[PDB]
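Chemist: Handing you a structure now.
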Amino acid sequence: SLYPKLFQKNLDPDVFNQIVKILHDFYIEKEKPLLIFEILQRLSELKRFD
């Protein structure tokens with residue numbers, strides 16, 4: 001549950017951690033495409049909140 005600020009409290013850390021791992025593995029495997037970097041950068045902003 002993320003992008004709308006009010007739903008950040010509903011984020012499941014198991015789901016978030018798993019998808020970050022999957023995306024980071026795919027990022028390395030596909031020789032670091034900008035598309036995947038951008039998704040990972042947005043996820044890192046949620047974890048930081050601001």
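Chain lettering (A, B, ...) mirrors the order of the structure tokens, residue numbering begins at 1 for each chain separately, and ligand numbering begins at 1 in order of display.
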Stretch 13-29 of chain A: which residues within 10 Å, counting only C-alpha atoms, same-chain residues fewer than 6 positions away excluded, as a PDB file with N, CA and C atoms, in the first residue's frame?
Modeler:
```pdb
ATOM      1  N   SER A   1       0.818  -1.210   0.000  1.00  0.00           N
ATOM      2  CA  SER A   1       0.000   0.000   0.000  1.00  0.00           C
ATOM      3  C   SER A   1       0.862   1.274   0.000  1.00  0.00           C
ATOM      4  N   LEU A   2       1.314   1.743  -1.190  1.00  0.00           N
ATOM      5  CA  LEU A   2       2.167   2.937  -1.233  1.00  0.00           C
ATOM      6  C   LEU A   2       2.108   3.720  -2.541  1.00  0.00           C
ATOM      7  N   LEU A  35      14.960   1.608 -16.291  1.00  0.00           N
ATOM      8  CA  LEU A  35      13.581   1.363 -15.861  1.00  0.00           C
ATOM      9  C   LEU A  35      13.551   0.745 -14.451  1.00  0.00           C
ATOM     10  N   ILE A  36      14.403  -0.257 -14.208  1.00  0.00           N
ATOM     11  CA  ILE A  36      14.407  -0.974 -12.907  1.00  0.00           C
ATOM     12  C   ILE A  36      15.019  -0.089 -11.831  1.00  0.00           C
ATOM     13  N   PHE A  37      16.079   0.657 -12.170  1.00  0.00           N
ATOM     14  CA  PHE A  37      16.688   1.616 -11.250  1.00  0.00           C
ATOM     15  C   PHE A  37      15.620   2.591 -10.710  1.00  0.00           C
ATOM     16  N   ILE A  39      12.322   2.219 -10.524  1.00  0.00           N
ATOM     17  CA  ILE A  39      11.350   1.566  -9.632  1.00  0.00           C
ATOM     18  C   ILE A  39      11.977   1.417  -8.226  1.00  0.00           C
ATOM     19  N   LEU A  40      13.233   0.937  -8.177  1.00  0.00           N
ATOM     20  CA  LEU A  40      13.984   0.773  -6.927  1.00  0.00           C
ATOM     21  C   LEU A  40      14.167   2.111  -6.210  1.00  0.00           C
ATOM     22  N   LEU A  43      10.910   3.025  -4.529  1.00  0.00           N
ATOM     23  CA  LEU A  43      10.701   2.177  -3.349  1.00  0.00           C
ATOM     24  C   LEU A  43      11.580   2.652  -2.161  1.00  0.00           C
ATOM     25  N   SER A  44      12.811   3.080  -2.458  1.00  0.00           N
ATOM     26  CA  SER A  44      13.752   3.578  -1.431  1.00  0.00           C
ATOM     27  C   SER A  44      13.244   4.889  -0.799  1.00  0.00           C
ATOM     28  N   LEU A  46       9.996   5.548  -0.275  1.00  0.00           N
ATOM     29  CA  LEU A  46       8.908   5.135   0.620  1.00  0.00           C
ATOM     30  C   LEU A  46       9.478   4.681   1.943  1.00  0.00           C
ATOM     31  N   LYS A  47      10.593   3.928   1.882  1.00  0.00           N
ATOM     32  CA  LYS A  47      11.280   3.402   3.054  1.00  0.00           C
ATOM     33  C   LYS A  47      11.865   4.546   3.895  1.00  0.00           C
TER      34      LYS A  47
END
```
Chemist: Check chain A with DSSP on the backbone and list each residue it calls alpha helix (DSSP H), as a ChimeraX atom specification.
Modeler: /A:13-29,34-48
Chemist: Need to verify the contact set: residue A:49, 12 Å, only C-alpha atoms, exclusion of same-chain residues closer than 6 positions in sequence. Can you return it as a compact mmCIF listing (two decimals) with N, CA, C and O atoms, in the first residue's frame?
Modeler:
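Heads up, here's the output in selection-v9.txt:
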```txt
# COMPACT_ATOMS: atom_id res chain seq x y z
N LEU A 2 1.31 1.74 -1.19
CA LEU A 2 2.17 2.94 -1.23
C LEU A 2 2.11 3.72 -2.54
O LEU A 2 1.94 3.16 -3.62
N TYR A 3 2.34 5.04 -2.39
CA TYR A 3 2.29 6.24 -3.24
C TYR A 3 1.37 7.21 -2.48
O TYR A 3 1.89 8.23 -2.02
N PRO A 4 0.07 6.88 -2.17
CA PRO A 4 -0.70 7.78 -1.29
C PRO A 4 -0.15 7.67 0.15
O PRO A 4 -0.03 6.56 0.67
N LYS A 5 0.24 8.82 0.74
CA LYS A 5 0.86 8.94 2.08
C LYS A 5 0.08 8.22 3.20
O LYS A 5 0.71 7.60 4.06
N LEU A 6 -1.27 8.30 3.18
CA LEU A 6 -2.16 7.69 4.19
C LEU A 6 -2.09 6.16 4.23
O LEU A 6 -2.48 5.56 5.24
N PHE A 7 -1.61 5.52 3.14
CA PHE A 7 -1.54 4.06 3.05
C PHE A 7 -0.17 3.51 3.40
O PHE A 7 -0.02 2.29 3.51
N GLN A 8 0.83 4.39 3.64
CA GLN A 8 2.20 3.99 3.99
C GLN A 8 2.22 3.15 5.28
O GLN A 8 3.01 2.21 5.37
N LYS A 9 1.30 3.43 6.22
CA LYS A 9 1.13 2.68 7.47
C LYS A 9 0.64 1.24 7.21
O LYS A 9 0.79 0.38 8.08
N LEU A 11 1.71 -0.65 4.59
CA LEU A 11 2.76 -1.40 3.90
C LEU A 11 3.19 -2.60 4.74
O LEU A 11 3.42 -2.45 5.94
N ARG A 42 12.14 4.77 -6.38
CA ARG A 42 10.84 5.14 -5.80
C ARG A 42 10.56 4.32 -4.52
O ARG A 42 10.05 4.86 -3.53
N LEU A 43 10.91 3.03 -4.53
CA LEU A 43 10.70 2.18 -3.35
C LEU A 43 11.58 2.65 -2.16
O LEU A 43 11.12 2.67 -1.01
```
